[PDB]
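Working notes for the structure below.
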Amino acid sequence: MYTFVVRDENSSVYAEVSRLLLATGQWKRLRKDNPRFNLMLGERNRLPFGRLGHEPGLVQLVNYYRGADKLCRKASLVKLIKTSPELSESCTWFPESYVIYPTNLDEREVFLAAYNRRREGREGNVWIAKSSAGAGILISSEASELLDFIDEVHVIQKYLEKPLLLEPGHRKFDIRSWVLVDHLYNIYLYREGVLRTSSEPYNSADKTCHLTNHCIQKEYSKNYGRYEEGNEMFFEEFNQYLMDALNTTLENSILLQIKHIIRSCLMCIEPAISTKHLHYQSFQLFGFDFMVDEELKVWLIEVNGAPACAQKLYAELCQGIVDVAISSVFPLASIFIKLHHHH
Amino acid sequence: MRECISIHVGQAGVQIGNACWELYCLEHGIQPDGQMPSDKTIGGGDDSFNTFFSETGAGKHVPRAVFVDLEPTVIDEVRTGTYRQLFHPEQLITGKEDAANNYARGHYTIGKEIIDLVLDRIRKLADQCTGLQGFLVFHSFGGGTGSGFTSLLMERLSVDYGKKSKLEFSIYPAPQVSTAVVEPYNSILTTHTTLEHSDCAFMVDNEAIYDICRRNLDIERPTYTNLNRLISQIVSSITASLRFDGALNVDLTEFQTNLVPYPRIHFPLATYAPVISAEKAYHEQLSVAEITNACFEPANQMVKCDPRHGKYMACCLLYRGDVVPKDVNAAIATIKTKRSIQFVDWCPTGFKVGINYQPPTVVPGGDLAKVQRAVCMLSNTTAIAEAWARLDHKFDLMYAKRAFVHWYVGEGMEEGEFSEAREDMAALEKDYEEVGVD
Amino acid sequence: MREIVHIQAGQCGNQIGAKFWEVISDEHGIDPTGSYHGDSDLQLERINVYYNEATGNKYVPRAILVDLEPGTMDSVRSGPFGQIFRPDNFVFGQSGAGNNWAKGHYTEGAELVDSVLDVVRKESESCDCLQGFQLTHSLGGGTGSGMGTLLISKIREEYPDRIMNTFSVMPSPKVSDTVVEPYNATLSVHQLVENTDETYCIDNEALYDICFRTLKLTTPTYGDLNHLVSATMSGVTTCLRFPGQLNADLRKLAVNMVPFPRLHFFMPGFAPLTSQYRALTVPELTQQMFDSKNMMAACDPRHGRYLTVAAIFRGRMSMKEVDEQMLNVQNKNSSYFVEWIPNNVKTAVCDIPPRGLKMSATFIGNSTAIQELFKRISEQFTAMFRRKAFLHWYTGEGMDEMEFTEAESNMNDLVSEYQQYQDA
Amino acid sequence: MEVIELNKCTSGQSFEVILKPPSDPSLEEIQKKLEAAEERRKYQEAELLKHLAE
């Protein structure tokens, strides 16, 4: 009889995981402050990692990797890529980004140095500013509006002016991939992804057709749910489209780059967050957001450390979390692609 | 030559003191009767080992040590033990009734009645010293004597020896080997009143020693004897610089200079390697690189925590055995490329290294196997604040209900001292977070 | 040298106290004449805790035998180990207490109490460092209940800084002598609330059910009930009498078991309880030790929450297996332990098993479910007191109705204090 | 990777390697607290004796 506690009520993913554990009749839920647990479905902010693994005779497991915020924060991800030799500033799959601290508090002069090179060389000089405190995103081709908007920590990265547009619609999209890292640091890519598509035609000359967020398309877009249900296209349809329109598959044109990027990011921070020889063990589910340009090149946008799932895929993914991440440590009485690597 | 006086308080302090002095005698070639053949200056001298041993005209080498306990059965083990001939009765101080795991009983009720006797016996040892460095204080956090009387003694030592340094070896409480429940109270009470009186304190979590004994020594249920032998090895590696010829950590002041930039943050993390089972007939001897890399494994730390999620203020590597500086620098360069070692911005990123060529001594018939080289790392990392957060949380759980508080109030303590001590720990926890987190 | 002074008062107190000295004299190898005849120095290491050493290597129990009738103490002096007690320590009257708390506490007992204190003083004077006292008595009679709590009060006046522990037999209508037992027990409980540090609540109803339902005795006697009490008393004092993991005195033991001064009433338990040659495994010892059927207070622990729990295992057994079983028991009862006292379940071992058992386990629970015992006594008290039934036996000894009203309110407060920590 | 302050002797040696440059109460007051706690003990015991005298 295993014990677990729930400390994030707003987690739609682990509310289903907690539901599955009880349904096995072999997991008993405790109060959120009971320290005698086997599994902690912890909170997002200030998870007390320092109190884990100190109960005698209890193998303790937590659903978050301490230190993984370095990958799941806007400014932290930019610094991590520029300062890690494994990724380097010459990284080919991450857009040219810069960390800009507001003036009421940095890479301001370095950002404008590369900005003037694009303005002079007739190249497309459109950038985008964003931060982790968003629902507030500004897309502009003038550097003055970007630096003034931040003063009112943010990152300014190159806006992908040539995105792959789905037809019919001439519309933008993005790919969400769910990745589960277990206590042995095995990297499992969920076989099912989602394309959160824009329902408005992409206009290169209004942010509704430029931001593919599921909440923006359901609040400010008038074509919501027209082409696909909920602006969510799954891999089967998107693969069928790539074969008919581009004469290629999702695996060849996109998924190889996605698997490469997931491995590079997670292997980079492995020595900093691994719980291999630690007094407690961690797993964590990650949400990777990708962009595909018109040349079928995949770009990493951001990594979500507390991601939600698609309604159609909640049951399958949450069962997989119990299978490989929970029952592998606490055995009872594949839907993932294992991205192999060197520990 | 400058002398050091060791003070052992309570059961944990006394039994660990007994383990350390046994090991000291084995390292210095001192027999149980006190005789030291290799010592040619009979009846005196100012050698390095004389910092811990005085000498009689008859040739006996007497530990500069005081044993104090509020109950006699543990110190009676010293009086009739193998090394009974080392000590004279003036060094062994026992009461008749202990503090019953009650800080207030050790600090106020019983401590007030014996504190002057202890200070007098300490004064007798200080009178034999031509240049006293200070004191090494061994005690538990959880015992009523180890917590209550120690803090009272530390207050008076700052009064009677204001210029002297004071270092602690403190046993942090672990439920796996403890049959008590009020130890979070005693630990926080004693840390509060001792904080301004201690220059450098080495915390040893019994949880960490227990698991090292189980994992590396294959002891299913480690005893206090198993724990104290391992602890004495760590203590010996820390004090070896005071007892042998050398240039690093040669006096107590150098410990604070090398390890404690901010006075309140004076709890260095100790890590030791290798710990090898003596039942293994033949074990492959680890290299300098392997034992140095092991200094950054949490499984070898005296307190379980994650230094990856903190910042270092100072680092000292103390090697014993067949070690040359070239191999040390080669290991450090490899470790920097593979380990997450972040120093604070206002400190240099470096390592002070000490090497003593004599390999680690083990107790004959013990559980620790003889090794060719060993290292103890002393690092002042903010990650050790995880141990304060655990302790302070257990304090808060009980104190919110005032559980067990009546035992302390009944001995003359006020409830305000509880919250005063807890507020000091809250400020200590905030100091660590300001130093080690961005 | 940490001596304990033992006092037994009244019929129940002297009969259970006599069995206790028979059991531990056998464990320490002391024969009915006070001569040691053991085969292990472990038997004599802490012999001074309970025995005085006399001339000729004779060991004399540090025991004082008190009664207001001579009857039971003559049975003791004619019992098996009757000759081992110091003759001067038999202090008795002739009138009896008539199962009346007022007679033991205020009239008949007051005339004898000073001569008992003279013997207590003589035994304390020859103690190098007195740990404290233990008293055996029932709460339903007159001598053990009334004079016993009077003795406790006068001992605290003279020895205010000494631990006072009791083994207190609670009355039950199932195993009852007189109807006035709820009166006597309610008056005594308030004395124990104020003047003891540990009180082991031994419910005669629970002892009866264990003899009947478990041990399969269709007609249990007091001798059968007292066998359970001797084995429990031996188990809880093992850590004081034999060398082992624990070397705590009474004060340290109480400090870690009693988080609030008035909530010091413990539910004792013992395992095995067999009706017999089969070896009992560690999982069996641990599961029975936490089963309500092995509890001796007739309270359901699942109806409250544990403040603290102590478990003492005796015999040669695997400690790794014990730790694993204690973990599994705590998981099954996770919702029955308070969360605001960390690590409040403690385990201890002694290598010497009792007579006739390869291994045994003794349970000490400080549970809020003990309020069910005080509620039971309180309802029976009120059922009679609302009609002032049988009160004339007490007003005839000088007591007033207000003292009963205040005793009733004191126990309702005790019940409410348990209820406030069960909800927290 | 600079090695500085190398000191050698017969029984060992010591040095320092830099990888990167940087970027009390009086005896009177103690006696007051010890005696104040003993006075609270005497007061609590006196109240017990008063309670027992009643």
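Letters A, B, C and D mark the chains in the order given here, with residues in each chain numbered from 1 onward.
One rule holds for everything that comes next: a residue touches a chain if its C-beta (ideal position, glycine included) is under 8 Å from a C-beta of that chain, and two chains touch if they have at least 3 such contacts.
Chain pairs A-C and B-C differ in how many C-beta pairs are in contact, and the one with more is B-C. Taking each chain's centre as the average of its CA atoms, subunit A and subunit D sit 49 Å apart. Subunit A and subunit C have CA centres that are 64 Å apart. One inter-chain figure worth recording: subunit C and subunit D are separated by 43 Å, centre to centre, where each centre is the mean of the chain's CA atoms. Residue positions of subunit C touching 2 or more other chains: 339, 342. Contact with two or more other chains is made by residues 56 of subunit A. Shared contact sites, meaning residues of subunit D that touch two or more other chains, are absent. Under the contact rule stated at the top, the pairs of chains that touch are A-B, A-C, B-C, B-D, C-D. Within the complex formed with subunit D, the residues of subunit C that make contact are 153, 156-157, 160. If you check the complex, the residues on subunit C that touch subunit B are 128-129, 245-249, 251-252, 255-256, 258-261, 308, 319-320, 339-344, 346, 348, 421, 424. Remark: subunit B residues 73, 96-98, 100-102, 144, 175, 178-182, 184, 220-221, 394, 397-398, 400-404, 406-407 touch subunit C in the complex.
Of all residues in subunit A, those touching subunit B in their complex are 48-51, 53-54, 56, 66-67, 271-273, 277-279. Of all the residues in subunit D, the ones that touch subunit C in their complex are 45, 48-49, 52.
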